[PDB]
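Breakdown of the fold
One-letter residues, chain by chain:
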There are 2 protein chains.
Amino acid sequence: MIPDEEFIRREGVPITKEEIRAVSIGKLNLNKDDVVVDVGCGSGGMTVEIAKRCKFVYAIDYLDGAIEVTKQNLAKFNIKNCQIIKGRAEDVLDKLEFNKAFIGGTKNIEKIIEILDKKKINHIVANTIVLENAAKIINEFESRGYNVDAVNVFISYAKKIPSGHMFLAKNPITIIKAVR
Amino acid sequence: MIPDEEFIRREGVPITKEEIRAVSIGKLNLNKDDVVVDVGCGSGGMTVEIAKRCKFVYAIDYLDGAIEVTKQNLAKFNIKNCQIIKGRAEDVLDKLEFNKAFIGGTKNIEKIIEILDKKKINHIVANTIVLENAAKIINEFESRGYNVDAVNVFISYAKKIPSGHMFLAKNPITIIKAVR
């Protein structure tokens, strides 16, 4: 499944649009034995979709608002597959046993990627709207022996205006898949 | 799990990109009870992905190349709830029973839309790269009481080169969902 209007949102807290999560989910190639860390503090959209397809998910979020909404969404789809961990991913990550990672939002991508790598995490998906990060992540992963597959995705949404349908875009996003 | 690129390809026969399939599969909102028609002469990417998800799928295709590749992929991924019906959708669709349509390329998109309309199909997703067809699909449907969520997706792929990476553009495609 997937839908977007059936997610509990909250001003100040971002949510991945449906089409983006559909692509990002696919890149993770999730199965029943995957234990996934989901970094970067959002509303829970990706968390739920990941929870629904794997063994267990850690949602690492560092801001209160995000934790709260994710929590509500978790409640809302009856997810018992998931632990929300408040804090910096770089402080937490060492302590966990997992085999895949999705990274959204996040600070210290350079720290996280290095920890991921040395924890022998051999399948990672990262989304970024930022040019410098897209550049970092792709080169960081290729140097650390991953084969990298990145796509820039620019979605625009039909909106009716007096003359007909215009397409409303906001920001393109880079979705990066590193497997090793 | 949207499959990588383990698809049987035969050149002259297009394959819908992985990320475009993930978005279209998402907009279809598949249930195990869905009976889907899949109209479009491609390599079976979409077909397969629809089959894994619903009770049954009918691939409607006029093009021999397309059919055979599609048969091969269906074979490759062990898909058994799918029947291929060789013919022009405009000739056949009106005979079929199903409650959900996916439309890929097709000549005579008006006729097709008329048919889905009459049959009271409450859920249609259509991909097009043709300007005029995107216009007709959206307006024809909005005219018939469907509400229509259309998106345009521009995808580009990082390609490694001596200086770094460039992004090679693929052609943009409009993904139209119509629900009533």
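The rules behind these values
- Residues numbered from 1 in each chain as written, not as in the entry; some residues may be left out.
- Chains lettered and ligands numbered in written order.
- Heavy atoms only, no water.
- Residues with missing side-chain atoms left out of burial classes, pairs and counts.
- Helix = DSSP H or I, 4+ residues; strand = E, 2+ residues; numbered from the N terminus.
- Rg over C-alpha atoms; globule rule 2.2 N^0.38 Å.
- Contact = heavy atoms within 4.5 Å.
- Least-squares fit on C-alpha atoms.
- Nonpolar A, V, L, I, M, F, W, Y, C, P; charged D, E, K, R; others polar.
- Pairing = 2+ DSSP bridges.
- Core = buried A, V, L, I, M, F, W, Y, C linked by side-chain atoms within 4.5 Å.
- Buried < 20%, exposed > 50% of the residue type's maximum accessible area, 1.4 Å probe, protein only.
- Polar contact = N/O pair within 3.5 Å; in protein donor to acceptor, adjacent residues only side chain to side chain.
- Axes fitted to C-alpha atoms, helices over the stretch in contact; angles between N-to-C directions.
- Parallel < 35°, antiparallel > 145°, perpendicular 65-115°, else oblique.
- Left-handed = near helix turned anticlockwise from the far one by under 90°.

Method of determination, as annotated in the archive: X-ray crystallography, at 2.30 Å resolution.

**Remarks on the overall build of chain A**
When you go through chain A residue by residue, the secondary structure sums to six helices and eight strands. Element order for chain A, N to C, with α for helix and β for strand: α-β-α-β-α-β-α-β-α-β-α-β-β-β. Over its C-alpha trace chain A gives a radius of gyration of 16 Å, about what one expects of a compact globule, namely 16 Å for 180 residues. Its C-alpha atoms put chain A at 55 × 35 × 30 Å along the principal axes. In chain A, of all internal contacts separated by at least 6 residues, the share reaching a separation of at least 24 is 61%.

**Side note on the relation of the copies chain B and chain A**
Screw-axis analysis of chain B against chain A gives a translation of 0.1 Å along the axis, an RMSD of 0.7 Å, and a rotation angle of 179 degrees. Accordingly, the operation relating the two chain copies is best matched by a two-fold axis. An overlap of 88% is found between the interface residues of chain B and their copies at the interface of chain A, pointing to a shared contact surface.

**A few points about the interface of chain B and chain A**
Counting residues at the interface gives 24 residues for chain B and 25 residues for chain A. Looking at the side of chain B that touches chain A, the elements with two or more residues in it are α1 (18-28), α6 (131-143), β6 (147-161) and β7 (164-169) of chain B. It is β6(B) that provides the largest number of residues to the side of chain B that touches chain A, a total of 10 residues. The residue inventory of the side of chain B that touches chain A, partitioned by class, reads 13 nonpolar, six polar and five charged. Relative to β6(B), strand β6 (residues 147-161) of chain A runs antiparallel, the two being bridged by seven bridges. The residue of β6(B) that forms the bridge with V151(A) is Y157(B).

**Things to note about the nonpolar core**
Counting 52 residues, the largest nonpolar core has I50(A), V153(A), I175(A), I50(B) and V153(B) as its most contacted members. For this core, the leading source of residues is α1(B), giving five residues. Not counting residues within four places of it along the chain, the set of residues in contact with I50(B) comprises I25(B), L28(B), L30(B), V36(B), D38(B), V57(B) and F102(B).

**What about the side chain of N127(A)?**
As for its position among the elements, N127(A) is in strand β5 (residues 123-128). Among the polar contacts listed, one links the side chain of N127(A) to the side chain of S24(A), at a separation of 2.8 Å.

**Focus on the packing of helix α5 (residues 109-118) of chain A against helix α6 (residues 131-143) of chain A**
Between two packed helices, both the angle of their axes relative to each other and the distance between the axes serve to describe the pair. Residue and element names in this part refer to chain A. In contact at an axis separation of 11 Å, α5 and α6 are set at 20 degrees when each is read in the N-to-C sense. The pairing of α5 with α6 is recorded here as roughly parallel in orientation. For the pair α5 and α6, the sense of crossing is right-handed. Every residue of α6 that contacts α5 at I109, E110 and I113 is listed here: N133, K136, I137, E140 and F141. Class assignment of the residues belonging to the contact of α5 with α6 gives a composition of four nonpolar, one polar and three charged.

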